[PDB]
Amino acid sequence: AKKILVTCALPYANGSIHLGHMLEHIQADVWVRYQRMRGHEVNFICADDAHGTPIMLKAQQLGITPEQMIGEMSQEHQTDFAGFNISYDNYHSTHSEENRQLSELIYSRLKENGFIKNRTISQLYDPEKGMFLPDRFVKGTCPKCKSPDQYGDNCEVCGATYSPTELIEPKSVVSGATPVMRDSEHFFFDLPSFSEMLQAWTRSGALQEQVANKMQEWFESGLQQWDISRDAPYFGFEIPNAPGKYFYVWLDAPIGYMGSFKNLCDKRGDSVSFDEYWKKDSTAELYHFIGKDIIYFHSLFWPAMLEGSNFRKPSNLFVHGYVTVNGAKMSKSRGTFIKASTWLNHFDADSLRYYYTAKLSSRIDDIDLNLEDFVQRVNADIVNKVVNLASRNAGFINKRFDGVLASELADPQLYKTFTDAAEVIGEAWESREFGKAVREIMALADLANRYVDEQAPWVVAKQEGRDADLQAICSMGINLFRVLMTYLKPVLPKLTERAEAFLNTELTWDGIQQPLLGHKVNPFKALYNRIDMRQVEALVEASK
Ligand code: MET
Ligand SMILES: [Zn+2]
């Protein structure tokens, strides 16, 4: 029995959960649910990423404390993830005492071990507000084309890129004051000292090939020291012994994985598991599910931080691509930038979980939610292949056989074909080849429906003296449904609950080896209804 700690990336507290977040959290949750079904000790950990200058400024503009704002968004996020049945064992915050203490500890160890350097830099500063300006809080006139009202390091009219210090007549986005260059001492993490260690990790074959290829590009460009401090005013953790200095959000954010696990252990009264999972000698496995925009932090800074502070490193990184809708990046004007909360007003969680799972693989390629295909695939696969095996057979069992399934399998060979597939399907879930698993499951569903078609229960049912045959056929179909729903249990939690209620049994991975014989099932109302394009049109309209 393995010990496994799985995370998803920590969502920022200054925006709502959308379908891009949901791709990642669904992918991880399917994997986690499968690992639990195979008997492992699994800890599925997340948290909101609650620090930084954008969050501080947003709270100020709303006239509330950052603490109030992040608390509201934490509740909103957790409500949405709960609505998709994301099965976290703990959902915490980077703004927490556990993360403060662990961030201070890691920084102190890195500093004692020689990996922290102090250097003065020059940066644009708003002297009226009294704060250093990140690039996107400087606006001005493009030096190339002279277009006004351009933000940061690029012009949205002519496409030019430049340092914000080249903007003509620059203005602070916060106050409107003219910014000036000002010096400040910053603290830097000496990432280059870990180059050889990180190159050996890249070559080991654990990482996705596409991720290893990106790493080689980054080694070729040259690793640099990493600026891990920000000046007051800031919403974050103060640096010990450095008044007016704070840790940059991205230093504390991955430490938040550790902080969330520590919080879970502490709430459970468990004084041993934190060190069992995070010490250098750990035999537990640690996996981070992340998107391709945040690889650098997780594959270079983070393993180096851990190595330099005497903690174990990730076992693997599992990186996914971006979500597209109708083939294109989500578009607010077209109504394809869809919030998780909006989704649930129109469709259930299982439909999106299924669709994403059917498209996902172990590679980093983008995943397209084609809304026409979504309707067609949910209806074809869930309603007409899988649920059909229950719905077409359960009525006869309940009405003519008192709910009782036959005492023997009508076609034991066919049943064995279904149970023999468990090894390949389980390996597909394990390896994150979700689309392969779904293809295998649906091929079996096709075989099951062909069996029922070949036996023609709608004929047998009207023919005198054929009650035993009818019960046999319908019971066989229900047993095939039991197996298919076991394979899909990681994917479709709510349908699975309805299936378990109908079947009067919890679905376990090994349970499929004992078919339901001489066994009472319950009646049900529709296990899963069809969807249509009018609902898609409503979703898009509601998102504009
Ligand atoms: C430690 S993962 C932090 C992820 C970051 N909040 C993001 O959304 O990209
Ligand atoms: Zn320009």
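Residues numbered from 1 in each chain as written, not as in the entry; some residues may be left out. Chains lettered and ligands numbered in written order. Heavy atoms only, no water.

For the protein, the name recorded in the PDB entry is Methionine--tRNA ligase, with Escherichia coli as its organism.

Asks: So what exactly am I meant to see when it comes to the coordination of the zinc ion (ligand 2) here?
Replies: Around a metal, the perfect tetrahedron of four donors has angles of 109.5 degrees, and the perfect octahedron of six donors has angles of 90 or 180 degrees. Of the protein atoms, only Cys142 (SG), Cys145 (SG), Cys155 (SG) and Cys158 (SG) coordinate the zinc ion (ligand 2), at distances of 2.3 Å. Summarised as a motif, the one-chain spacing of the donors to the zinc ion (ligand 2) is C-x2-C-x9-C-x2-C. Placement of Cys145 in the loop between β6 (138-141) and β7 (150-151) and of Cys155 in the loop between β7 and β8 (168-172) is noted, with a sequence separation of 10 residues between them. Given a relative accessible area of 3%, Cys155 falls into the buried group. (Donors = N, O, S within 2.8 Å, 3.2 Å for Na, K, Ca; no water. Helix = DSSP H or I, 4+ residues; strand = E, 2+ residues; numbered from the N terminus. Buried < 20%, exposed > 50% of the residue type's maximum accessible area, 1.4 Å probe, protein only.)

Asks: Even after reading the chapter, I still don't get the sheet that holds strand β3 (residues 90-93), so can you show me in this structure?
Replies: In space, the 5 strands of this open sheet follow the order β3-β2-β1-β13-β14, with parallel pairing throughout. Among the strands making up the open sheet, the edge pair consists of β3 and β14 (316-320). Direction aside, neighbouring strands of the sheet carry axes that sit 25 degrees apart on average. Where strand β1 (residues 3-8) and strand β13 (residues 285-291) come together, 5 bridges link them in parallel fashion. Within the sheet, the bridge partner assigned to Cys8 lies in β13 and is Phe289. (Pairing = 2+ DSSP bridges. Axes fitted to C-alpha atoms, helices over the stretch in contact; angles between N-to-C directions.)

Asks: Looking at this structure, I do not really get the pairing of β13. What am I missing?
Replies: In regular strands, side chains alternate between the two faces of the sheet. Of all 7 residues in β13, 6 are buried; the element is thus mostly enclosed. As paired elements, β13 and β14 share 5 bridges and run parallel to each other. Within β14, the residue paired with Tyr287 across the bridge is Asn316. Crossover β13 to β14 through helix α9 (residues 295-308) is right-handed. (Right-handed = clockwise from strand over helix to strand, strands pointing away.)

Asks: Looking at this structure, how should I read the sheet that holds strand β9 (residues 180-189)?
Replies: Pairing between the strands of a sheet comes from backbone hydrogen bonds, and it takes one of two forms, parallel or antiparallel. Pairing within the open sheet is antiparallel, and its 4 strands lie in the order β5-β4-β9-β10. If you trace the sheet from one side to the other, it starts and ends with β5 (131-132) and β10 (226-227), each paired once. Sheet analysis places strand β4 (residues 116-126) next to β9, joined by 10 bridges and oriented antiparallel. Residue pairing for β9: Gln123 is matched across the bridge by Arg182.

Asks: Help me understand the nonpolar core in this model?
Replies: Note on soluble globular proteins: their nonpolar side chains tend to be buried together. Among the nonpolar cores identified, the biggest contains 166 residues, and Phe189, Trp278 and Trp429 are the most heavily contacted of them. For this core, the element with the highest residue contribution is helix α12 (residues 371-400), accounting for 12 residues. Taken domain by domain, this core gets at least three of its residues from each of domain 1 (1-137 + 173-385) and domain 3 (386-523). Setting aside residues up to four positions removed in sequence, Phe189 forms contacts with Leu110, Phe115, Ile116, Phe194, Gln225, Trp226, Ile228, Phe301, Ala304 and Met305. Ranked by size, the runner-up nonpolar core spans 19 residues in total, among them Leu124, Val138, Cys155 and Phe235. (Core = buried A, V, L, I, M, F, W, Y, C linked by side-chain atoms within 4.5 Å. Domains from an automatic or database assignment. Contact = heavy atoms within 4.5 Å.)

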